[PDB]
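As stored in data31.cif (mmCIF, N, CA and C atoms):
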```
data_work
#
loop_
_atom_site.group_PDB
_atom_site.id
_atom_site.type_symbol
_atom_site.label_atom_id
_atom_site.label_comp_id
_atom_site.auth_asym_id
_atom_site.auth_seq_id
_atom_site.Cartn_x
_atom_site.Cartn_y
_atom_site.Cartn_z
ATOM 1 N N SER Y 152 48.100 -5.954 89.241
ATOM 2 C CA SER Y 152 47.716 -6.974 90.205
ATOM 3 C C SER Y 152 48.520 -6.772 91.476
ATOM 4 N N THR Y 153 47.838 -6.723 92.612
ATOM 5 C CA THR Y 153 48.506 -6.624 93.897
ATOM 6 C C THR Y 153 48.812 -8.026 94.422
ATOM 7 N N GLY Y 154 49.152 -8.122 95.700
ATOM 8 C CA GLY Y 154 49.396 -9.409 96.321
ATOM 9 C C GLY Y 154 48.188 -9.955 97.061
ATOM 10 N N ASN Y 184 41.704 -4.297 94.023
ATOM 11 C CA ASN Y 184 42.366 -5.584 94.178
ATOM 12 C C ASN Y 184 43.455 -5.775 93.125
ATOM 13 N N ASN Y 185 43.023 -5.916 91.874
ATOM 14 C CA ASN Y 185 43.884 -6.245 90.739
ATOM 15 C C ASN Y 185 43.550 -5.350 89.545
ATOM 16 N N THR Y 186 43.597 -4.031 89.778
ATOM 17 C CA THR Y 186 42.943 -3.013 88.950
ATOM 18 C C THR Y 186 43.334 -3.060 87.475
ATOM 19 N N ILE Y 187 42.334 -2.859 86.621
ATOM 20 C CA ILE Y 187 42.432 -3.032 85.178
ATOM 21 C C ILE Y 187 41.888 -1.772 84.516
ATOM 22 N N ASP Y 188 42.550 -1.315 83.454
ATOM 23 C CA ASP Y 188 42.061 -0.190 82.674
ATOM 24 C C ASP Y 188 42.231 -0.466 81.186
ATOM 25 N N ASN Y 189 41.430 0.233 80.382
ATOM 26 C CA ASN Y 189 41.464 0.122 78.931
ATOM 27 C C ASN Y 189 41.186 1.490 78.335
ATOM 28 N N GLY Y 190 41.979 1.881 77.347
ATOM 29 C CA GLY Y 190 41.862 3.207 76.770
ATOM 30 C C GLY Y 190 41.877 3.172 75.258
ATOM 31 N N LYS Y 191 41.188 4.149 74.667
ATOM 32 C CA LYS Y 191 41.147 4.362 73.226
ATOM 33 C C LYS Y 191 41.293 5.852 72.976
ATOM 34 N N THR Y 192 42.147 6.243 72.026
ATOM 35 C CA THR Y 192 42.107 7.605 71.502
ATOM 36 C C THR Y 192 42.016 7.541 69.989
ATOM 37 N N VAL Y 193 41.215 8.432 69.416
ATOM 38 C CA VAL Y 193 41.079 8.571 67.972
ATOM 39 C C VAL Y 193 41.412 10.011 67.620
ATOM 40 N N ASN Y 194 42.444 10.203 66.799
ATOM 41 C CA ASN Y 194 43.005 11.528 66.543
ATOM 42 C C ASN Y 194 43.234 11.690 65.044
ATOM 43 N N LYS Y 195 42.219 12.175 64.337
ATOM 44 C CA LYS Y 195 42.440 12.671 62.993
ATOM 45 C C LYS Y 195 43.026 14.071 63.059
ATOM 46 N N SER Y 196 43.693 14.472 61.980
ATOM 47 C CA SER Y 196 44.253 15.819 61.898
ATOM 48 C C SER Y 196 44.369 16.178 60.422
ATOM 49 N N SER Y 197 43.411 16.952 59.926
ATOM 50 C CA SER Y 197 43.493 17.404 58.552
ATOM 51 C C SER Y 197 44.431 18.599 58.451
ATOM 52 N N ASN Y 198 44.875 18.873 57.230
ATOM 53 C CA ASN Y 198 45.835 19.935 56.983
ATOM 54 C C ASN Y 198 45.777 20.291 55.511
ATOM 55 N N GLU Y 199 46.111 21.542 55.210
ATOM 56 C CA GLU Y 199 46.396 21.954 53.846
ATOM 57 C C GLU Y 199 47.230 23.221 53.885
ATOM 58 N N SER Y 200 47.943 23.455 52.790
ATOM 59 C CA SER Y 200 48.820 24.604 52.664
ATOM 60 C C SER Y 200 48.953 24.924 51.190
ATOM 61 N N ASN Y 201 48.997 26.208 50.867
ATOM 62 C CA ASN Y 201 49.247 26.621 49.499
ATOM 63 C C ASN Y 201 50.008 27.933 49.491
ATOM 64 N N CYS A 102 115.491 62.066 1.630
ATOM 65 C CA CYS A 102 114.137 62.269 2.144
ATOM 66 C C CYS A 102 113.172 61.191 1.632
ATOM 67 N N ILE A 103 113.452 59.951 2.055
ATOM 68 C CA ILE A 103 112.514 58.834 2.063
ATOM 69 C C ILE A 103 112.709 58.101 3.388
ATOM 70 N N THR A 104 111.669 57.375 3.805
ATOM 71 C CA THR A 104 111.565 56.816 5.151
ATOM 72 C C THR A 104 112.006 55.364 5.237
ATOM 73 N N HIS A 105 113.012 54.986 4.466
ATOM 74 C CA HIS A 105 113.607 53.657 4.534
ATOM 75 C C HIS A 105 114.749 53.689 5.553
ATOM 76 N N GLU A 106 114.396 54.064 6.783
ATOM 77 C CA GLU A 106 115.362 54.172 7.875
ATOM 78 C C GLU A 106 115.361 52.871 8.670
ATOM 79 N N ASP A 107 116.011 51.882 8.081
ATOM 80 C CA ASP A 107 116.219 50.580 8.680
ATOM 81 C C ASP A 107 117.700 50.280 8.724
ATOM 82 N N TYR A 108 118.421 51.218 9.326
ATOM 83 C CA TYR A 108 119.824 51.089 9.674
ATOM 84 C C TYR A 108 120.076 50.605 11.094
ATOM 85 N N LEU A 109 119.058 50.435 11.929
ATOM 86 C CA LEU A 109 119.340 49.971 13.280
ATOM 87 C C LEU A 109 118.182 49.147 13.800
ATOM 88 N N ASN A 110 118.529 48.069 14.507
ATOM 89 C CA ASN A 110 117.596 47.128 15.121
ATOM 90 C C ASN A 110 116.590 46.608 14.096
ATOM 91 N N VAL A 111 117.124 45.882 13.119
ATOM 92 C CA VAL A 111 116.299 45.207 12.130
ATOM 93 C C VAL A 111 115.879 43.884 12.760
ATOM 94 N N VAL A 112 114.691 43.863 13.351
ATOM 95 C CA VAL A 112 114.132 42.614 13.837
ATOM 96 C C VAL A 112 113.044 42.167 12.877
ATOM 97 N N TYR A 113 113.440 41.377 11.890
ATOM 98 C CA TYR A 113 112.477 40.733 11.019
ATOM 99 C C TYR A 113 112.664 39.226 10.993
ATOM 100 N N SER A 114 113.367 38.689 11.980
ATOM 101 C CA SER A 114 112.997 37.396 12.522
ATOM 102 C C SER A 114 111.640 37.615 13.163
ATOM 103 N N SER A 115 110.573 37.120 12.530
ATOM 104 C CA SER A 115 109.261 37.766 12.418
ATOM 105 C C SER A 115 108.764 38.635 13.571
ATOM 106 N N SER A 116 108.892 38.167 14.816
ATOM 107 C CA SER A 116 108.620 38.943 16.038
ATOM 108 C C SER A 116 107.202 39.516 16.077
ATOM 109 N N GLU A 117 106.220 38.625 16.085
ATOM 110 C CA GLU A 117 104.822 39.036 16.131
ATOM 111 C C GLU A 117 104.492 39.548 17.523
ATOM 112 N N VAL A 118 104.209 40.828 17.655
ATOM 113 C CA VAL A 118 103.787 41.378 18.933
ATOM 114 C C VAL A 118 102.270 41.457 18.939
ATOM 115 N N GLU A 119 101.658 40.969 20.006
ATOM 116 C CA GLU A 119 100.220 41.018 20.195
ATOM 117 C C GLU A 119 99.876 41.973 21.323
ATOM 118 N N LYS A 120 98.610 42.371 21.366
ATOM 119 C CA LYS A 120 97.988 42.961 22.540
ATOM 120 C C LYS A 120 96.571 42.438 22.607
ATOM 121 N N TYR A 121 96.009 42.416 23.805
ATOM 122 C CA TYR A 121 94.614 42.005 23.933
ATOM 123 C C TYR A 121 94.029 42.688 25.163
ATOM 124 N N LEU A 122 93.485 43.874 24.972
ATOM 125 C CA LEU A 122 92.807 44.558 26.059
ATOM 126 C C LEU A 122 91.367 44.077 26.105
ATOM 127 N N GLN A 123 90.789 44.078 27.299
ATOM 128 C CA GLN A 123 89.457 43.512 27.469
ATOM 129 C C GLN A 123 88.833 44.074 28.728
ATOM 130 N N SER A 124 87.714 44.768 28.598
ATOM 131 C CA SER A 124 86.956 45.207 29.757
ATOM 132 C C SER A 124 85.602 44.518 29.755
ATOM 133 N N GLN A 125 84.838 44.747 30.820
ATOM 134 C CA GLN A 125 83.587 44.029 31.013
ATOM 135 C C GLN A 125 82.777 44.737 32.085
ATOM 136 N N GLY A 126 81.497 44.958 31.814
ATOM 137 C CA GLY A 126 80.601 45.526 32.800
ATOM 138 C C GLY A 126 79.351 44.663 32.915
ATOM 139 N N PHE A 127 78.789 44.644 34.115
ATOM 140 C CA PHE A 127 77.766 43.642 34.415
ATOM 141 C C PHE A 127 77.000 44.067 35.653
ATOM 142 N N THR A 128 75.705 44.299 35.524
ATOM 143 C CA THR A 128 74.861 44.422 36.701
ATOM 144 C C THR A 128 73.845 43.299 36.678
ATOM 145 N N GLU A 129 72.981 43.294 37.685
ATOM 146 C CA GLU A 129 72.052 42.197 37.902
ATOM 147 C C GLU A 129 71.009 42.686 38.890
ATOM 148 N N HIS A 130 69.842 42.045 38.890
ATOM 149 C CA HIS A 130 68.805 42.396 39.846
ATOM 150 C C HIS A 130 67.905 41.189 40.060
ATOM 151 N N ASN A 131 67.265 41.137 41.225
ATOM 152 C CA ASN A 131 66.310 40.088 41.542
ATOM 153 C C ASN A 131 65.170 40.668 42.357
ATOM 154 N N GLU A 132 64.017 40.008 42.285
ATOM 155 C CA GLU A 132 62.885 40.263 43.171
ATOM 156 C C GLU A 132 62.207 38.928 43.408
ATOM 157 N N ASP A 133 62.324 38.390 44.612
ATOM 158 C CA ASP A 133 61.800 37.059 44.907
ATOM 159 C C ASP A 133 60.795 37.184 46.041
ATOM 160 N N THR A 134 59.512 37.077 45.721
ATOM 161 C CA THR A 134 58.448 37.190 46.709
ATOM 162 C C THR A 134 57.685 35.879 46.775
ATOM 163 N N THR A 135 57.594 35.304 47.964
ATOM 164 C CA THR A 135 56.736 34.158 48.213
ATOM 165 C C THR A 135 55.620 34.576 49.154
ATOM 166 N N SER A 136 54.619 33.710 49.289
ATOM 167 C CA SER A 136 53.550 33.930 50.258
ATOM 168 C C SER A 136 52.877 32.603 50.554
ATOM 169 N N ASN A 137 52.968 32.154 51.798
ATOM 170 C CA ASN A 137 52.365 30.912 52.256
ATOM 171 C C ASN A 137 50.988 31.186 52.840
ATOM 172 N N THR A 138 50.106 30.196 52.708
ATOM 173 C CA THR A 138 48.852 30.098 53.444
ATOM 174 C C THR A 138 48.659 28.643 53.840
ATOM 175 N N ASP A 139 48.345 28.396 55.109
ATOM 176 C CA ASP A 139 48.121 27.035 55.581
ATOM 177 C C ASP A 139 47.327 27.020 56.874
ATOM 178 N N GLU A 140 46.432 26.045 56.983
ATOM 179 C CA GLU A 140 45.599 25.862 58.157
ATOM 180 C C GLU A 140 45.453 24.378 58.436
ATOM 181 N N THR A 141 45.197 24.053 59.698
ATOM 182 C CA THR A 141 45.112 22.680 60.158
ATOM 183 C C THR A 141 43.822 22.477 60.932
ATOM 184 N N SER A 142 43.568 21.216 61.272
ATOM 185 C CA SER A 142 42.481 20.823 62.158
ATOM 186 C C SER A 142 42.758 19.404 62.622
ATOM 187 N N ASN A 143 42.087 19.004 63.700
ATOM 188 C CA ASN A 143 42.209 17.642 64.209
ATOM 189 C C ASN A 143 40.960 17.286 65.013
ATOM 190 N N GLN A 144 40.999 16.105 65.626
ATOM 191 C CA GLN A 144 39.988 15.647 66.565
ATOM 192 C C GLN A 144 40.656 14.628 67.470
ATOM 193 N N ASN A 145 40.175 14.519 68.700
ATOM 194 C CA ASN A 145 40.920 13.797 69.721
ATOM 195 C C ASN A 145 40.006 12.906 70.552
ATOM 196 N N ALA A 146 39.250 12.032 69.894
ATOM 197 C CA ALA A 146 38.364 11.112 70.609
ATOM 198 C C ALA A 146 39.202 10.138 71.425
ATOM 199 N N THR A 147 39.244 10.362 72.737
ATOM 200 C CA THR A 147 40.002 9.541 73.668
ATOM 201 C C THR A 147 39.058 8.871 74.651
ATOM 202 N N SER A 148 39.573 7.844 75.321
ATOM 203 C CA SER A 148 38.806 7.116 76.320
ATOM 204 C C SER A 148 39.754 6.316 77.193
ATOM 205 N N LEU A 149 39.262 5.965 78.376
ATOM 206 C CA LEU A 149 39.954 5.066 79.286
ATOM 207 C C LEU A 149 38.904 4.468 80.209
ATOM 208 N N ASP A 150 39.003 3.168 80.463
ATOM 209 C CA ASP A 150 38.045 2.459 81.304
ATOM 210 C C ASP A 150 38.820 1.756 82.410
ATOM 211 N N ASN A 151 39.082 2.472 83.499
ATOM 212 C CA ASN A 151 39.736 1.874 84.654
ATOM 213 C C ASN A 151 38.766 0.946 85.383
#
```

Show this structure as C-alpha cells.
Amino acid sequence: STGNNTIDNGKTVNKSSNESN
Amino acid sequence: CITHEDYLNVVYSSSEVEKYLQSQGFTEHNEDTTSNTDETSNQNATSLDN
C-alpha cells in the first residue's frame, strides 16, 4: 500500500519423487 | 663310573624353572564392492497473481 495499493498472490506445487537401490 | 655327581650346587629347594615360547602368524584379506543406482524427478507448478 502506498500513500495504487498493489496486491499479489502466488502458489507453487512441487512434488519430487526419488528412489535409490 | 656312575652319574650321581651331586657334590656341588644341590638346589632341591624345589626351584621349578619354566619356559614358554610362543610364535604366531596371521594374514587377512578383504574385498568390499558396493554399487549405487538412484534417480529422481519433480514438478514445479508455480503461480503468482500480481

Checklist entry - Quick one: which residues end up in the PyMOL selection byres ((chain A) within 8 of (chain Y)) for this structure, as a VMD selection string? => result chain A and resid 136 to 151

Generate a file of the selected residues that holds N, CA and C atoms, formatted as a JSON list (two decimals), in the frame of the given file.
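The resulting file, out28.json, is shown below:
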```json
[["chain", "number", "residue", "atom", "x", "y", "z"],
["A", 136, "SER", "N", 54.62, 33.71, 49.29],
["A", 136, "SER", "CA", 53.55, 33.93, 50.26],
["A", 136, "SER", "C", 52.88, 32.60, 50.55],
["A", 137, "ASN", "N", 52.97, 32.15, 51.80],
["A", 137, "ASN", "CA", 52.36, 30.91, 52.26],
["A", 137, "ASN", "C", 50.99, 31.19, 52.84],
["A", 138, "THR", "N", 50.11, 30.20, 52.71],
["A", 138, "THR", "CA", 48.85, 30.10, 53.44],
["A", 138, "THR", "C", 48.66, 28.64, 53.84],
["A", 139, "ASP", "N", 48.34, 28.40, 55.11],
["A", 139, "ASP", "CA", 48.12, 27.04, 55.58],
["A", 139, "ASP", "C", 47.33, 27.02, 56.87],
["A", 140, "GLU", "N", 46.43, 26.04, 56.98],
["A", 140, "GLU", "CA", 45.60, 25.86, 58.16],
["A", 140, "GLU", "C", 45.45, 24.38, 58.44],
["A", 141, "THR", "N", 45.20, 24.05, 59.70],
["A", 141, "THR", "CA", 45.11, 22.68, 60.16],
["A", 141, "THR", "C", 43.82, 22.48, 60.93],
["A", 142, "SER", "N", 43.57, 21.22, 61.27],
["A", 142, "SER", "CA", 42.48, 20.82, 62.16],
["A", 142, "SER", "C", 42.76, 19.40, 62.62],
["A", 143, "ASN", "N", 42.09, 19.00, 63.70],
["A", 143, "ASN", "CA", 42.21, 17.64, 64.21],
["A", 143, "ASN", "C", 40.96, 17.29, 65.01],
["A", 144, "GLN", "N", 41.00, 16.10, 65.63],
["A", 144, "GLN", "CA", 39.99, 15.65, 66.56],
["A", 144, "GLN", "C", 40.66, 14.63, 67.47],
["A", 145, "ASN", "N", 40.17, 14.52, 68.70],
["A", 145, "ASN", "CA", 40.92, 13.80, 69.72],
["A", 145, "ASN", "C", 40.01, 12.91, 70.55],
["A", 146, "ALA", "N", 39.25, 12.03, 69.89],
["A", 146, "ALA", "CA", 38.36, 11.11, 70.61],
["A", 146, "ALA", "C", 39.20, 10.14, 71.42],
["A", 147, "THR", "N", 39.24, 10.36, 72.74],
["A", 147, "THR", "CA", 40.00, 9.54, 73.67],
["A", 147, "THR", "C", 39.06, 8.87, 74.65],
["A", 148, "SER", "N", 39.57, 7.84, 75.32],
["A", 148, "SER", "CA", 38.81, 7.12, 76.32],
["A", 148, "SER", "C", 39.75, 6.32, 77.19],
["A", 149, "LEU", "N", 39.26, 5.96, 78.38],
["A", 149, "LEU", "CA", 39.95, 5.07, 79.29],
["A", 149, "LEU", "C", 38.90, 4.47, 80.21],
["A", 150, "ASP", "N", 39.00, 3.17, 80.46],
["A", 150, "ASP", "CA", 38.04, 2.46, 81.30],
["A", 150, "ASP", "C", 38.82, 1.76, 82.41],
["A", 151, "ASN", "N", 39.08, 2.47, 83.50],
["A", 151, "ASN", "CA", 39.74, 1.87, 84.65],
["A", 151, "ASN", "C", 38.77, 0.95, 85.38]]
```

Item to check | Pairwise distance for atom C of residue 105 (chain A) and atom N of residue 120 (chain A), rounded to one decimal in Å | outcome: 25.3 Å

Checklist outcome for this item: As a check of understanding: the span from atom C of residue 103 (chain A) to atom C of residue 118 (chain A) is 25.1 Å

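Picture a line from CA of residue 102 (chain A) to atom N of residue 115 (chain A); it runs 27.4 Å.
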
Item to check | Per-residue DSSP, chain Y, filtered to strand (DSSP E), as a ChimeraX atom specification | outcome: /Y:190-193,198-200
